[PDB]
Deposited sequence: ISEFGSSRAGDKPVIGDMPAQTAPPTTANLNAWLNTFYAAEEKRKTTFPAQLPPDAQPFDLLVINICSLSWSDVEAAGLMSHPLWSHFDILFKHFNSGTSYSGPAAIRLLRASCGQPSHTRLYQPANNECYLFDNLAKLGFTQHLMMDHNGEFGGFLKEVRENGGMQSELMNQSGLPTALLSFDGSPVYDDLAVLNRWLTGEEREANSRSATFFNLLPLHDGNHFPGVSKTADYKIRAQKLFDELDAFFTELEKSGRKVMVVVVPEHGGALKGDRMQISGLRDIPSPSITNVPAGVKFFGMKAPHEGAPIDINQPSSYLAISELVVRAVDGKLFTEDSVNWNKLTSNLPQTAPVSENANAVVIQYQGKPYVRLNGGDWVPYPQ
């Protein structure tokens, strides 16, 4: 409402940045962001209606993949991007480390917390997979790795609340040996194992968290001395995901697939951080390609993906899940794709690790180290 407009008797997603960019103002902005975020939640229904339609949710959480990496690797034209129904162009991962990224995603149903708030119990309604479990979705955890490095699996269980056994990995082919020497299993093989298990279950409702490590630095083909080229690994991954999307189409199963990277791999370095270093969660590291694709709809989306250009993060994924949770979009004769993709929650691109916060303020990036004075991020 403008200065001379009025509100009605009885009457923002991102706090305003009109004040000059001093340390005090940027600190105040961040505190205002934290206050606004803490009040945000995607509300799930109390129970599903009796005419709800079962479907499977599959969340594909990929280490070390940002838009900057896709650009540096020359993979912007890979067919996979064209295959989504919904594609985010300014999705912020909120961090540049794997454990906090996975916890943030598992806590997608409430607004964005500070890094310290991630390692403390949260409200039960923040846990996307718990919200689904309550509604009758069977919970599954799978990975293409053993999760031992960095205590990743322990973080996912303890802070992400994902108290589910790791899906069986016996017999899977190894695609890479990881930077810690342990296997990275082939992703198509993991996904096909999942598809056979789900198809064993009928009109079950299930929600699966799948974490993928092939793009992590230091991974190599078995027996090969050099780290496998990132472009080669990313092409392999994207070819396998696209092959799987084809398998899912053939299955006729109702499936909502969400692809959400954890953070980038810092393929292209910058002034502050040489290639591969990502201790500061810069915009280049945290702007990640997130996408959603629905399978088995009566009325599937046609043509190119719907771009979501507004600043977004995990809360927008949770909102899409609530919009789908009764399964009815899968059986509608005609879907209002505009309405389904409109009025999604917007979230300012704030990112943190324990030691650093990065924000955009009046369109420029700043970093705060250990609660000190803000300085421009040198880009």
Where are the gaps relative to the deposited sequence?
-> 12-15
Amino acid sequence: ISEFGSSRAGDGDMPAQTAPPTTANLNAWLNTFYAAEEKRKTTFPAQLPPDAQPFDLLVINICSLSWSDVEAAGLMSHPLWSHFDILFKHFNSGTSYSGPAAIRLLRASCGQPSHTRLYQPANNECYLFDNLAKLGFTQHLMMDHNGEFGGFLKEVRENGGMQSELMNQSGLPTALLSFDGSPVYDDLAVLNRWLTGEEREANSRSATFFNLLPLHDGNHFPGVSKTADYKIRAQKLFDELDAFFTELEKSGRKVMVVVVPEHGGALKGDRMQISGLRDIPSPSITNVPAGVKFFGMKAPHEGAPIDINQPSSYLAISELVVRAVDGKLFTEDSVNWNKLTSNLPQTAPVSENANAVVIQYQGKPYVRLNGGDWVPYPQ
From here on, numbers count along this sequence of modelled residues.
Name the higher of the two by mean Cα B-factor in the PDB entry, 191-199 versus 169-177.
-> 191-199
Higher of the two mean Cα B-factors (148-156, 288-296; per PDB record) comes from 148-156
Report the option among 254, 216, 226, 78 whose CA atom has the maximum B-factor in the deposited record.
-> 226
Compare the CA B factors listed in the entry for 48, 344, 354, 58 and report the winner.
-> 48
Entry-reported Cα temperature factor of residue 263, expressed as the chain third it lands in = lowest
Would you please rank residue 71 by its C-alpha temperature factor against the other modelled residues of its chain and give the third it falls in: lowest, middle or highest?
-> middle
Tertile call for residue 269 (CA temperature factor, within chain, third-based) is the middle
Which third of the chain does residue 121 land in by C-alpha B-factor: lowest, middle or highest?
-> highest
Going by the recorded CA B-factors, say which third of the chain residue 319 sits in, lowest, middle or highest.
-> lowest
